[PDB]
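Note sheet for the following structure.
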Amino acid sequence: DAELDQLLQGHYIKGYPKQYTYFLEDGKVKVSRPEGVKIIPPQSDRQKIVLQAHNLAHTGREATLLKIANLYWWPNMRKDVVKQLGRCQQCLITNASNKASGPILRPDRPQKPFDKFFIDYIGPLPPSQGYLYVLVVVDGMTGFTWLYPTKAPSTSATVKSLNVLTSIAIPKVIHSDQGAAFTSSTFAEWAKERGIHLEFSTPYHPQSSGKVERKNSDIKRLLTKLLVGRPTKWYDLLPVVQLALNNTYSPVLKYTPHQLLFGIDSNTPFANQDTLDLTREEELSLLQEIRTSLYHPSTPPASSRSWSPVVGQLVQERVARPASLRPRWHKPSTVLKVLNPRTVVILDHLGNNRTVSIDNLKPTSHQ
Amino acid sequence: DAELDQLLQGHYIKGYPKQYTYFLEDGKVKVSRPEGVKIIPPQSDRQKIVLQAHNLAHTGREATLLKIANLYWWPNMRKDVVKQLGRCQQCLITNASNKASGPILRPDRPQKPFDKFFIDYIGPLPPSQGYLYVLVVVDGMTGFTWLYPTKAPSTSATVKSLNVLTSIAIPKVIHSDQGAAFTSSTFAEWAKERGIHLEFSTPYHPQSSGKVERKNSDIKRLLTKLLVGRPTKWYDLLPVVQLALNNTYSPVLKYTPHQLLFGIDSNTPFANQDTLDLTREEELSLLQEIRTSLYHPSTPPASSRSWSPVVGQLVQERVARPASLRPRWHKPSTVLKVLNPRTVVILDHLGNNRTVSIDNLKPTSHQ
Amino acid sequence: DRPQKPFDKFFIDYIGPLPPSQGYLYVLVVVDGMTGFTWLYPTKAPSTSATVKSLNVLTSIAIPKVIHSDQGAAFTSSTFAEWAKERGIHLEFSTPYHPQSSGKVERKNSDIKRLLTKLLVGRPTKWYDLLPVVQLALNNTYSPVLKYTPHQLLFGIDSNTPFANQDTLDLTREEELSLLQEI
Amino acid sequence: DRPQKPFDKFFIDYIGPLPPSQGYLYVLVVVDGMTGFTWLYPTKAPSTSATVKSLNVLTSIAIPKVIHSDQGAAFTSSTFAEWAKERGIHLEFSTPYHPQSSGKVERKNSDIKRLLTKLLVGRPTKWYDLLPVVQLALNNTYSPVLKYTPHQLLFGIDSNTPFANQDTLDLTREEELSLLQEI
DNA sequence: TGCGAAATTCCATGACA
DNA sequence: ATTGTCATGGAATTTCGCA
DNA sequence: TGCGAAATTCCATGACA
DNA sequence: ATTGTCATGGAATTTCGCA
Ligand SMILES: Nc1c(C(=O)NCc2ccc(F)cc2F)c(=O)n(O)c2ncc(CCCCCO)cc12
Ligand SMILES: Nc1c(C(=O)NCc2ccc(F)cc2F)c(=O)n(O)c2ncc(CCCCCO)cc12
Ligand SMILES: [Mg+2]
Ligand SMILES: [Mg+2]
Ligand SMILES: [Mg+2]
Ligand SMILES: [Mg+2]
Ligand SMILES: [Zn+2]
Ligand SMILES: [Zn+2]
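Chains U, A, W and Z, in that order, are what the protein sequence lines are. The numbers in UniProt numbering rise by one with no breaks, and the one at position 362 of the first sequence is 1121. The numbers in UniProt numbering rise by one with no breaks, and the one at position 151 of the second sequence is 910. The numbers in UniProt numbering rise by one with no breaks, and the one at position 6 of the third sequence is 872. The numbers in UniProt numbering rise by one with no breaks, and the one at position 70 of the fourth sequence is 936.
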């Protein structure tokens, strides 16, 4: 009333342009605008109007305003619209993001063999000799790979396989995803007794285990080819696949994982004989030169509409296994620490501290 | 022997450069090259050598050659390598493509309402009043949408729903995917009795039904928001969702599906009143102007390494539901006709004629 | 005054009872006052409950400003008044024993009665399946006053099912023999 | 001649029988001739079958050019000869009753015997679980002749488990009392 | 004939099993 | 015999209110 | 000091549940 | 408290064989 009372008689109020005539009709303040005659509601009604229009179909900024503008006009309508969108809990947790993640990191290759292992499970596969799964262990520096068939992706089967592997050498770090077999306390106990630091991927982000995941692709691709036109009896092929892939050249490196681990081919077909006249000490000297000079990619260009996390920002974590007709996003949470441009710590929806990948976050819209 | 006999004594043979000395040792023709001493096998052995090296891990061009080059050298090695790769059946049906599809078509919007319907099923959903699925029917021109709850995605439930819908109007064409409910002869019989042409998408390509698929996203998104913090009782909400989405503005069009179908809002909240002083005939005249002038997108730019189909080309169709450790691609087939840059007819692996999307094809490597 | 538009006024009325057809006895007739477009919903009774169920289907497509009816019990109940108030629909009633709608609507309701009667005889228990083709016929019927059909006035286009073969709508003398046998 | 390299020659031999440990009685010793690196595989018998199973594990990591052994039955069988021929492995045998390998390998096989004996006493049926730590100890043991350990010569790096506390390898006088009690 | 702010348009992003 | 689609919210661009 | 062909490198594409 | 990866085959670029 008070603000709109002075408008009818002809005073200037900030926000209401002067060149339009504001009249009264049906007990309502109106205005003649180029689109047509619109009602100017009092300030105390506008929040309710924006809410009624939004709740029709929980529409975004422009689709909600186009409803309101059919009947009403007032100064800076979209500001009141955006204020409601930032307060609508259902839209915040249901809507999709329209900003991409920042470009991926390319972590430095481990300097030495047995500095970092990457492990993961493939399966379930067609039963072969009662075995359903395969434990894949990949050395980060060389790409050298060990395969172990198991009957379940269990902690017990993981310990049995790694005890056979660590007969050769003990690694500094073992990296795994947060699967049940690797997150159990039994597995942490097994690692601490051997001086092995367990490193875990951020949850629901297999990119982080990409070294062993990419090797899983090659293992399955070779098994597929070897089993063409045959029953899928893969148990007997694992030693063949293991040896074949470990002695396969990486076209970008110009070396096989066997060569990067040992510096010399064993008695395999087409063995390289370039270092035949060097001594072993001369050979190992050339091997240290080869390991340090391997090709390493760099971060790609950011896409034109990416976001990067800032401390104190409102972000929402992706719901892991969302049920049917349930929101895809958790409620807003705050970024505590930025570990790197792609990894952050947040104050969880329950109250905990949680380390997440930026790919499983969206920035909360409308601040 | 014959070709290599003249080489040892010192004659010039095409392909073997002259500036290197070709000698004999251990009963084998050798050559001193910058990398080292290599064996030159006779022509009759080379196919077997390329095959032995490839079959170690069924490697591609460079990874296979790097094996061979450790021991052997001969003129144009990669030609013999590529010849084998094109003959290895297992690599052709198992390997992935590295060429993208050509840019998508943006088919012209149907000119009139009821010219083309798009139909599809959502589900299964959480049980609500014994109903599990929803039949979604979208008019191509307007986007106006009808929702029908069903207990199965069956032909019987489709006919019952469309009989209620066609009380309003009969469409020229009904477009659907190749699901079981729409491909049955009972459904074709129902359509021919009413003069409705049935149009089907290429198999395993829901892009082609993209108009109704995109509407499925909006339906589920609104249902999700309305059911936040409630049991998923969606049966009673379908009429609400239907009315809400049909009266929702498309920000790029500046119109709601209701407005494009009727040219005037009914008694809904925030109804537009711009045509209040026009007669209905003046209104329908403006409606025909609005329908023809709607925004329409164009084909995006092709990615830098795309392929487009040519008549007579060897292509392979993607295996639909491939089993574990089985190839992802069918055996090579030939392109009979190019219906458009994104759709072709091929001579199937069984012997039939099959109409497929280019997204479910790869061009066979090595010709 | 403002020109007459679709959805300005729906006219509703019940037709029945009829011979049972898959458990249904009545027909709720809804006619748009401006276009003459017609919706037909079969019900089991002329109750407020069956009316609300049928109109909940129709009002998920389009909501009228006004619903006009006679003083039938189903329409004068306070349940139906609460239903109309929730959707912003003004209810409008004719005087008892003086049913007045409009010339276009009167003649349309006349067409529906005679078109139902003509297809009832010979197959009196199978009218539930025929309601779709009845609506198509009624909505693609040429108007004498206006130049266009109800379908054309509502959607602004020609229809894919025009009914050029305008059926006589009268009863042939053999249909009088079989109609005079039953009821 | 060409300098000596890893995988040029594996030396294999059986140790046993031993007290049963989870159903295993023997140990297949494999020693690389150049590096002194050692692999240990427990078997149930000194047969061609158990040898082929153990070496199928090792040869999925690296294949030697030559395998050297005594004239034991498991190694002189034609099944083992066919197995070696399929993988391109040349078999090489010492004269009967004159087992000759090499000074580095002789002393390594000596270390394995005494290191097994020292850890057998006190827990004679639990040696199956100790084979991993036995291999680590043997392969990270400083060589007197060469400057480096077997681990360093094979991988060209230092190890994450160095064994600086070089255990005595001799039997303490109390271990002679408990060893003289049993066998 | 030009300025600051508001309004509008642009468009990459992602999800429809 | 067939073919992607479009709501979303920051950013980019255009228009408005005033001079 | 330059040409045609071969060899090599480049790199977008896609799949690891 | 953590992080994508790399085989593949056409295309682009460099090198080779010869003059
Ligand atoms: N989903 C899993 C994938 C997977 O999806 N791989 C495909 C894939 C997709 C993309 C990409 F870049 C690489 C890539 F390999 C996987 O590989 N592993 O090993 C898993 N292991 C266990 C669990 C269950 C959840 C455990 C706790 C997670 O926090 C799931 C997964
Ligand atoms: N898979 C099916 C999808 C689907 O995957 N949608 C996600 C999706 C992905 C990408 C995209 F661009 C749009 C998009 F909606 C689907 O929507 N419908 O309706 C189906 N209906 C039936 C069958 C079973 C096979 C029937 C014969 C097919 O030839 C599968 C699907
Ligand atoms: Mg995993
Ligand atoms: Mg995995
Ligand atoms: Mg479908
Ligand atoms: Mg679908
Ligand atoms: Zn909302
Ligand atoms: Zn192959």
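Beta carbons are placed, not taken as given, at the ideal position from N, Cα and C, and that holds for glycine.
- Non-local beta-carbon contacts of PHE1029(Z) in its own chain, meaning distances under 7 Å to residues more than five positions away in sequence, involve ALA1003, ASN1006 and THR1007 in chain order.
- For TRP993(U), the closest of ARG1080(U), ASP977(U), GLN888(U) and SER926(U) by C-alpha to C-alpha distance is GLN888(U).
- Comparing C-alpha distances from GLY795(A) to each of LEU1053(A), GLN937(A), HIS813(A) and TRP832(A) shows the shortest one belongs to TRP832(A).
- Below 8 Å, too few C-beta pairs join the segment 815-833 of chain A and the segment 1051-1060 of chain A to call them touching: fewer than three.
- At a cut-off of 8 Å between beta-carbon atoms, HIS1125(A) makes no contact with chain U.
- For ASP1033(A), the chain U residues whose C-beta falls within less than 9 Å of its own C-beta are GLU794, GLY795 and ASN829, listed in chain order.
- Rounded to whole angstroms, the Cβ separation of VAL1070(U) and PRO1122(U) is 13 Å, and the two are not in contact under 8 Å.
- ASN1005(Z) carries a helical assignment under DSSP once its states are collapsed to helix, strand and coil.
- Our two residues, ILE933(U) and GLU948(U), have alpha carbons roughly 13 Å apart in a direct line.
- When beta bridges are read from the DSSP output, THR1102(A) appears opposite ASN1099(A) and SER1116(A).
- Distance from the Cα of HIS956(Z) is smallest, within the candidate group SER935(Z), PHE1021(Z) and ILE881(Z), for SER935(Z).
- Of the other Cβ atoms in all chains shown, fewer than 16 fall within 10 Å of the Cβ of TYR963(W); this residue is therefore exposed.
- With a cut-off of 7 Å, the C-beta of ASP879(U) is classified as near ligand 4, since at least one heavy atom of the ligand falls inside that distance.
- Per DSSP, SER943(A) lies in no alpha helix (DSSP H) segment and is marked neither H nor E.
- The bridge partners DSSP lists for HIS934(Z) are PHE877(Z) and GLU958(Z).
- Note on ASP1024(A): 16 or more other CB atoms within 10 angstroms of its CB, so buried under the neighbour-count rule.
- When Cβ pairs closer than 8 Å are counted between the two stretches, the segment 1011-1023 of chain Z is seen to touch the segment 897-907 of chain Z, the count reaching three or more.
- Within chain U, no C-beta atom comes nearer than 9 Å to that of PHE946(Z); the closest sits roughly 16 Å away.
- Burial check for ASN1031(U): the Cβ neighbour count within 10 Å reaches 16 or more, so the residue is buried.
- Looking at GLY845(A), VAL788(A) and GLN802(A), the one whose alpha-carbon comes closest to that of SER1124(A) is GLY845(A).
- Within the segment 1016-1082 of chain A, the beta strand (DSSP E) runs of at least 3 residues that lie entirely inside it are, in chain order, 1073-1076.
- The Cβ-Cβ distance between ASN975(A) and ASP1118(A) does not fall below 8 Å.
- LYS789(U) has its alpha-carbon roughly 6 Å from the corresponding atom of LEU783(U).
- By the CB criterion at 8 Å, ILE799(U) and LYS1090(U) fall outside the cutoff.
- Following the DSSP letters along the chain, one finds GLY795(U) inside the beta strand (DSSP E) bounded by residues 795-798.
- In this structure, ligand 7 has a non-hydrogen atom nearer than 7 Å to the beta-carbon of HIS817(U).
- Distance from the CA atom of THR917(A) to the CA atom of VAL1000(A), rounded to whole angstroms, is 20 Å.
- In terms of side-chain proximity, the C-beta atom of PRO965(U) is found nearer than 7 Å to a non-hydrogen atom of ligand 4.
- Between ligand 8 and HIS813(A), a heavy atom-to-CB distance of less than 7 Å is present.
- Around the beta-carbon of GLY1022(W), 16 or more other beta-carbon atoms lie within 10 Å, marking it buried.
- Nearest neighbour of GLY1110(A) by Cα position, chosen from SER1092(A), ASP760(A), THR983(A) and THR1034(A), turns out to be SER1092(A).
- Contact annotation: in the segment 1061-1088 of chain U, residues whose CB is within less than 7 Å of a CB in chain A are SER1083, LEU1084, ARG1085 and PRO1086.
- The beta carbon of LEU1020(A) falls within 8 Å of a beta carbon belonging to chain W, placing the residue at that interface.
- Cβ contact annotation for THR942(A) (same chain, cutoff 6 Å, sequence separation greater than five): none.
- For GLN806(U), the shortest C-beta to heavy atom distance toward ligand 7 is 7 Å or greater.
- In this structure, the beta-carbon distance from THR1051(U) to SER1083(A) does not fall below 8 Å.
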